[PDB]
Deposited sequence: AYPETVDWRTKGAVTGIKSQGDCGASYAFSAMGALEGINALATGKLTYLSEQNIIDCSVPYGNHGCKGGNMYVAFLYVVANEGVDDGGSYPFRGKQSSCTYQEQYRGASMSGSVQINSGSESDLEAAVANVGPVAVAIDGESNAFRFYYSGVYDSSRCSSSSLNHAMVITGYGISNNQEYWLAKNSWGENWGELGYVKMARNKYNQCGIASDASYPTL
């Protein structure tokens, strides 16, 4: 298809704000999982980024100071589940791990990594599977203060990436990415990024999604 948006399938939750906590990895990872789960199960369940922040330090994440999607997925697989938000809510900072099995919202068996730099493989993932976790270069003041339109940056790097989000669709040529800086940033917390511009901002350098 020429354009998808996974809200069409009820596979995307509201926009979140990570506050002053540097945990996009978590928000980005949970976002893909929420989608995959909502598609399969038919019910959208909000999942807990706080769970990932508190409990994935031993898998090699840094709580509120940063981390990866991969390492968040390993935690989910090894811990055989992630709690949902309702019962494990965002506090804005690293707290004790209160992971409880009774509130396990979702589980998974692995992650598929999209071939680094390939946007046609990325589109194929997004169209045929679901929302895909990505990371980008959001260094620019233009990104930091993006408000509307298609982001099409000349200064963007395709290798050293500093911010993670969920691709929830694409259209016309852009990607539709969901950020976690709350609803007052971008287009309702969304950004439309440049599609098929030879991997601008490294959108397809480190894309993945979970299996379940």
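- Residues of the deposited sequence lacking C-alpha coordinates, counted from 1, fall in the stretches 1 to 2, 175 to 178.
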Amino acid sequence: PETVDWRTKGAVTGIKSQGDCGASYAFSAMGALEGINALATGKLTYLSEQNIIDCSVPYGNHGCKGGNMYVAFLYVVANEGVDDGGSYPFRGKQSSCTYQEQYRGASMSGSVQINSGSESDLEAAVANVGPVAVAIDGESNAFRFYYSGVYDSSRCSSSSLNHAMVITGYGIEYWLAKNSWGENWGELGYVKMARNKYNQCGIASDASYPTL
From here on, numbers count along this sequence of modelled residues.
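- Annotation for 40 to 48 versus 23 to 31: the higher mean temperature factor (C-alpha) is found in 40 to 48.
- Among 125, 133, 82, 71, the highest C-alpha B-factor recorded in the PDB entry belongs to 82.
- Ranked within its chain, residue 97 lands in the highest third, by CA B factor from the PDB record.
- Placement of the Cα temperature factor of residue 211 within the chain: middle third of the modelled residues, per the deposited record.
- Split the chain's modelled residues into thirds by C-alpha temperature factor. Residue 205 is in the lowest one.
- Among the modelled residues of its chain, residue 54 has a C-alpha B-factor that falls in the lowest third, as given in the PDB entry.
- In this PDB entry, the Cα temperature factor of residue 144 sits in the bottom third of its chain's modelled residues, the lowest group.
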